[PDB]
Structure formats: structure tokens, C-alpha cells
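> Here's a structure for you.
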Amino acid sequence: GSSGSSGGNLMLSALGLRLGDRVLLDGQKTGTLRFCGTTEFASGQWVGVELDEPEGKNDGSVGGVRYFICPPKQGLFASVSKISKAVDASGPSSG
């Protein structure tokens, strides 16, 4: 079906990514995208990513705001600027 609109699909849309897909955290770790847009506890632009490996800090829940229900410590929030598009690393290259 391909759906899921909550509010804040202007950032990812401009970058070229969607929800559900995975990304490269710090060019090392890997997580699954879930949230994308603004935040309540903070300001600016942020995104919710779920840590694949058995690691994390928050359970995708901050105060009175819910982003996703993940196992014991399996959710980390960070700025899109500090994230890279994982999967498929074959294409444009020069140096």
C-alpha cells in the first residue's frame, strides 16, 4: 500500500529517503528509520532511528511523546546531517 503520514515529510523528501529504510549512523552503526521531522523535547530537525544491533538508550518514548516501541534500549535520535544513506554503496565515485 505504501502509506504513513504524521507530519514532517519535507526534510526526508528533499534529501531522498523514506520511512522504514535503514541508514548509516556515523558511517558505522546501522539503524531503521521511523520518525522524520521536528521534535518536542528539542528544536530544529531530527529523526528517529532504531538500532539494529543489541544496543540503544531510549525505548522510542520521551516524556509524553511516542515515536516507536522498540526492545530494551533500541532507539536513538539524531540530526539528518549526522546520518548517511545505507544499503547499496555502488555508484558515483571519484575520490
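Ordered as shown in the C-alpha cells, chains take letters A, B, and onward, while each chain numbers its residues from 1 and ligands are numbered from 1 in the order shown.
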So that I can see what lies close to region 66-74 of chain A, please list as a ChimeraX atom specification the residues with an atom at most 7 Å from it, counting only C-alpha atoms and leaving out residues fewer than 5 positions away in the same chain.
/A:35,50-51,55-61
> As a ChimeraX atom specification, please: every residue in chain A that a backbone DSSP assignment puts in helix (DSSP H, G or I).
/A:11-15,80-82
> Which is closest to residue 16 (chain A) among A:53, A:42, A:65, A:85, if we use only C-alpha atoms?
A:85
> Could you build a table of the residues in region 36-55 of chain A lying no more than 12 Å from region 20-27 of chain A, giving for each the nearest pair of atoms and their separation in Å rounded to one decimal place, using only C-alpha atoms, ordered by chain and ascending residue number, as a tab-separated table?

residue	atom	partner	partner_atom	distance
A:36	CA	A:20	CA	10.7
A:47	CA	A:23	CA	10.9
A:48	CA	A:20	CA	10.6
A:49	CA	A:23	CA	8.0
A:50	CA	A:22	CA	8.6
A:51	CA	A:25	CA	9.1
A:52	CA	A:22	CA	9.1
> Convert the current residue selection to file output with N, CA and C atoms, as a short mmCIF file (atom, residue, chain, number, x, y, z; two decimals), in the first residue's frame.

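selection_9.cif was written with the following content:
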data_model
loop_
_atom_site.label_atom_id
_atom_site.label_comp_id
_atom_site.auth_asym_id
_atom_site.auth_seq_id
_atom_site.Cartn_x
_atom_site.Cartn_y
_atom_site.Cartn_z
N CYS A 36 10.61 11.26 11.33
CA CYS A 36 11.26 12.26 10.49
C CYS A 36 10.51 13.59 10.56
N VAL A 47 15.48 13.06 13.61
CA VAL A 47 14.93 11.83 13.03
C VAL A 47 15.11 10.65 13.98
N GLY A 48 14.10 9.79 14.03
CA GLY A 48 14.16 8.63 14.91
C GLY A 48 14.67 7.39 14.19
N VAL A 49 15.75 6.82 14.70
CA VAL A 49 16.34 5.62 14.10
C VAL A 49 16.47 4.50 15.13
N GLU A 50 16.10 3.29 14.72
CA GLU A 50 16.18 2.13 15.61
C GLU A 50 17.48 1.37 15.38
N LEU A 51 18.22 1.13 16.45
CA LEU A 51 19.48 0.41 16.37
C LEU A 51 19.24 -1.07 16.10
N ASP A 52 19.85 -1.58 15.03
CA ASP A 52 19.70 -2.98 14.66
C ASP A 52 20.32 -3.89 15.72
#
> With a distance cut-off of 12 Å and only C-alpha atoms, select the neighbouring residues of residue 13 (chain A), excluding the residue or stretch itself and same-chain residues fewer than 4 positions from it, and output the selection as a PDB file with N, CA, C and O atoms, in the first residue's frame.

ATOM      1  N   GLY A   8       5.619  16.096   8.686  1.00  0.00           N
ATOM      2  CA  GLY A   8       7.034  16.415   8.641  1.00  0.00           C
ATOM      3  C   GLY A   8       7.776  15.614   7.588  1.00  0.00           C
ATOM      4  O   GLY A   8       8.865  15.102   7.842  1.00  0.00           O
ATOM      5  N   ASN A   9       7.182  15.504   6.404  1.00  0.00           N
ATOM      6  CA  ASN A   9       7.793  14.760   5.309  1.00  0.00           C
ATOM      7  C   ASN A   9       8.391  15.708   4.273  1.00  0.00           C
ATOM      8  O   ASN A   9       8.379  15.420   3.077  1.00  0.00           O
ATOM      9  N   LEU A  17      14.982  10.194   0.951  1.00  0.00           N
ATOM     10  CA  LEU A  17      14.813   8.996   1.764  1.00  0.00           C
ATOM     11  C   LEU A  17      13.384   8.890   2.289  1.00  0.00           C
ATOM     12  O   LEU A  17      12.658   9.882   2.344  1.00  0.00           O
ATOM     13  N   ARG A  18      12.988   7.680   2.672  1.00  0.00           N
ATOM     14  CA  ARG A  18      11.645   7.446   3.192  1.00  0.00           C
ATOM     15  C   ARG A  18      11.699   6.679   4.510  1.00  0.00           C
ATOM     16  O   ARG A  18      12.767   6.253   4.948  1.00  0.00           O
ATOM     17  N   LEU A  19      10.540   6.507   5.135  1.00  0.00           N
ATOM     18  CA  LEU A  19      10.455   5.792   6.403  1.00  0.00           C
ATOM     19  C   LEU A  19      10.556   4.286   6.187  1.00  0.00           C
ATOM     20  O   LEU A  19      10.194   3.775   5.127  1.00  0.00           O
ATOM     21  N   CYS A  36      10.611  11.259  11.330  1.00  0.00           N
ATOM     22  CA  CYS A  36      11.257  12.261  10.490  1.00  0.00           C
ATOM     23  C   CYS A  36      10.510  13.590  10.557  1.00  0.00           C
ATOM     24  O   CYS A  36       9.325  13.665  10.234  1.00  0.00           O
ATOM     25  N   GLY A  37      11.212  14.636  10.981  1.00  0.00           N
ATOM     26  CA  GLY A  37      10.601  15.948  11.083  1.00  0.00           C
ATOM     27  C   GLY A  37      11.118  16.739  12.268  1.00  0.00           C
ATOM     28  O   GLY A  37      12.310  16.700  12.576  1.00  0.00           O
ATOM     29  N   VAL A  80      19.621  14.702  10.695  1.00  0.00           N
ATOM     30  CA  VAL A  80      19.825  14.123   9.372  1.00  0.00           C
ATOM     31  C   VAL A  80      21.234  14.408   8.859  1.00  0.00           C
ATOM     32  O   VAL A  80      21.802  13.617   8.106  1.00  0.00           O
TER      33      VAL A  80
END
> Could you check the closest approach to residue 5 (chain A) for each of A:28, A:34, A:46, A:91 and tell me which residue wins, using only C-alpha atoms?
A:34
> If I take CA of residue 39 (chain A) and CA of residue 82 (chain A), how far is one from the other in Å, to one decimal?
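CA of residue 82 (chain A) lies 16.1 Å from CA of residue 39 (chain A).
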> What is the distance between CA of residue 75 (chain A) and CA of residue 29 (chain A), in Å to one decimal?
12.3 Å
> Considering only C-alpha atoms, return as a short mmCIF file (atom, residue, chain, number, x, y, z; two decimals) with N, CA and C atoms, in the first residue's frame whatever protein or nucleic-acid residues lie within 10 Å of residue 41 (chain A), sequence-local ones (same chain, fewer than 3 positions apart) excluded.

data_model
loop_
_atom_site.label_atom_id
_atom_site.label_comp_id
_atom_site.auth_asym_id
_atom_site.auth_seq_id
_atom_site.Cartn_x
_atom_site.Cartn_y
_atom_site.Cartn_z
N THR A 38 10.22 17.46 12.93
CA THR A 38 10.60 18.26 14.09
C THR A 38 10.53 17.44 15.37
N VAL A 62 9.78 9.51 24.72
CA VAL A 62 10.32 10.60 25.52
C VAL A 62 9.20 11.42 26.15
N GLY A 63 9.07 11.33 27.47
CA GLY A 63 8.04 12.07 28.17
C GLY A 63 6.64 11.71 27.69
N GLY A 64 5.93 12.70 27.16
CA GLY A 64 4.58 12.47 26.67
C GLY A 64 4.53 12.32 25.16
N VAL A 65 5.64 11.89 24.57
CA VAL A 65 5.72 11.71 23.13
C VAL A 65 6.24 10.32 22.78
#
> I'd like to know which residues of region 9-40 of chain A are strand (DSSP E or B) (by DSSP, run on the backbone); could you write them as a VMD selection string?
chain A and resid 22 to 25 29 to 37
> So, with only C-alpha atoms as the atoms that count, which of A:95, A:44, A:84, A:89 lies closest to residue 32 (chain A)?
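For residue 32 (chain A), the nearest of the given residues is A:84.
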